[PDB]
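Comments concern the structure below.
Please treat every number below as a calculation from the coordinates, not as lab data. Cβ: placed from backbone, ideal geometry, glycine included. Neighbour counts: every protein chain shown.
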Amino acid sequence: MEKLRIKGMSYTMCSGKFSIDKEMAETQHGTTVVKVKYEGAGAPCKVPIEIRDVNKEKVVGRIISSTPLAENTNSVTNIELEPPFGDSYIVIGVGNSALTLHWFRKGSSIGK
């Protein structure tokens, strides 16, 4: 019930910090693939992921690897993700905890 549950639906969780645990690499599907780790609190997560515009005010991306999750701090998750055709800022965690990392779509390593 706690953790044995429908994980990607039945949670709204981790305000804690995360690691960027592999850099972004783009696909033939035109998506990009992050890999995350949790840090915060040991326990499982669904993980807050957005992509925000250059000013970082407006959400501009769509996550493709379903609703992002991490089974523990010691766990990692590869995440297929769909940014706009330009520069943008993936955010992983909530504000103060958010891994706020650069990307540029089709210029597929000008941000990482």
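Shape verdict for region 4-105, please, from the Cα gyration tensor: rounded (a/c under 1.5), prolate (a/b greater than b/c) or oblate.
Details: a/c = 1.78, a/b = 1.51, b/c = 1.18.
Because a/c hits 1.5 or more and a/b exceeds b/c, region 4-105 counts as prolate.
Could you derive backbone 3J(HN,Hα) for region 106-112 from the dihedral phi with the Karplus parameters 6.51, -1.76 and 1.60 (θ = phi - 60°), listing whole Hz in sequence and x where the residue is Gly or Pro?
Per residue, the Karplus-derived 3J(HN,Hα) values read 6, x, 4, 7, 5, x, 9 Hz.
DSSP loop trypsin sites (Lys or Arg not before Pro) in region 1-36 with at most 11 other Cβ atoms within 10 Å of their Cβ, which ones?
Here the sparse-neighbourhood loop sites are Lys3, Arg5.
Please list, ordered by chain and number, the residues whose modelled amide H lies under 5 Å from the amide H of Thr73; skip anything fewer than 5 residues away on the same chain.
Under 5 Å from the amide H of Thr73 lie the amide H atoms of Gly42, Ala43, each far enough along the sequence or on another chain.
Please give me, ordered by residue number, the GluC sites (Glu not before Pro) of region 25-110 that lie in loop per DSSP and have at most 12 other Cβ atoms within 10 Å.
Those satisfying the criteria are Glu57.
Using modelled backbone amide H atoms (1.01 Å from N, in-plane), which distant-in-sequence or interchain residues come within less than 5 Å of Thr31's amide H?
Here the answer is none, since no amide H 5 or more places off falls under 5 Å of that of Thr31.
5 Å is the cut-off here: which amide hydrogens, built 1.01 Å from N in the peptide plane, fall below it relative to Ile63, excluding neighbours closer than 5 in sequence?
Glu82
Among the chymotrypsin sites (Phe, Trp or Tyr not before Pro) in region 18-109, which ones are in a DSSP loop with at most 11 other Cβ atoms within 10 Å of the Cβ? Mind listing them?
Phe85
On a 29 Å Cα-Cα criterion, which of the cross-link pairs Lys35/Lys56; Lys3/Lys37; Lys3/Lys56; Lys3/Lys106 come out too long?
On the way: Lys35/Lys56 21 Å; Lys3/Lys37 18 Å; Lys3/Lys56 33 Å; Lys3/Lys106 38 Å.
Distance filter (> 29 Å) returns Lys3/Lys56; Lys3/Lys106.
In nm, what is the difference between 0.36 nm times the number of residues separating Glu71 and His29 and their Cα-Cα distance? Could you put the intermediate results ahead of the total?
Details: separation 42, 0.36 × 42 = 15.12 nm, distance 2.69 nm.
Taking 0.36 nm per residue and subtracting the Cα distance, the gain is 12.4 nm.
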